[PDB]
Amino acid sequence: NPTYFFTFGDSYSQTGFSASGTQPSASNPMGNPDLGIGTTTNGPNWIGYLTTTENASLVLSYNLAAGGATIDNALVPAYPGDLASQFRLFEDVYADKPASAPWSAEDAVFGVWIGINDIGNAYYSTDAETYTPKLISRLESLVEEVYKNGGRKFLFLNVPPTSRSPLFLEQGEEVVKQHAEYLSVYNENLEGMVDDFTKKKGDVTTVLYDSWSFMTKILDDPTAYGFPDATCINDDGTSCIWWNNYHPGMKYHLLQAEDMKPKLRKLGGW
């Protein structure tokens, strides 16, 4: 019996999935495009690995993540396909449980990885303590739409240390520090929201995955993971942590998915 894994996020999660493309099936769990296409990793990303390599049973991936996305263009704007628009695509196509995706509370998992671009664009112009609650409140209201549709199993990934990507390192240590301090406040408020939502609903199963600590461990000791250093870039996706100056490669994504597997057992597909 399948797990319907609906995901929402940005370039760390995009795969190029179209709602008018081939839809997920047991013979083709990613639907479209082929596994390993459309990512920022040179191969599968964490969603492709969770769906096809770390899965304990059948997982069907409906991946709505879009490059450059922020939470809501009424807050920090960037690209048309913000997280709000991804929830709107879900509402239009899958929320009503069509025969192509006949999900239920017991077998649907909703995964969200967002915040990299909100922080990347607003860390120097806004006050973290008072602005990040507005971003997190909007994320919560989007999650509530899916809850109202009947969703009950949720996966949230906190924001990883993009402060230490080559793109940010090149901007100088003070900028790395300002970005990192802002990001820490965002991640604390995300954790608080997930805990409050879990307690208040009482009938949900949630996982908050601390990607920040995992990636930080690798950046702090890269050779223990088979990477020569924490800063090199290689678009093969495996020689270095970084596939380009702002995105990690497929080797990192596989290590993350392997780290996530045990923490996702309670969600049903792992």
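Each residue number is its position in the shown sequence, starting from 1.
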{"query": "Residue stretch of maximal mean CA temperature factor, 94-102 vs 154-162", "finding": "94-102"}
{"query": "Between the two ranges 244-252 and 7-15, the one averaging a larger CA B factor in the entry", "finding": "244-252"}
{"query": "Options 66, 47, 215, 233 - largest CA temperature factor per the record", "finding": "233"}
{"query": "Entry-reported Cα temperature factor of residue 239, expressed as the chain third it lands in", "finding": "highest"}
{"query": "CA B-factor placement of residue 30, once the chain's modelled residues are sorted into thirds", "finding": "lowest"}
{"query": "CA B-factor ranking of residue 120, expressed as a third of its chain", "finding": "middle"}
{"query": "Entry-reported Cα temperature factor of residue 78, expressed as the chain third it lands in", "finding": "lowest"}
{"query": "Third of the chain, ranked by Cα B-factor, where residue 113 sits", "finding": "lowest"}
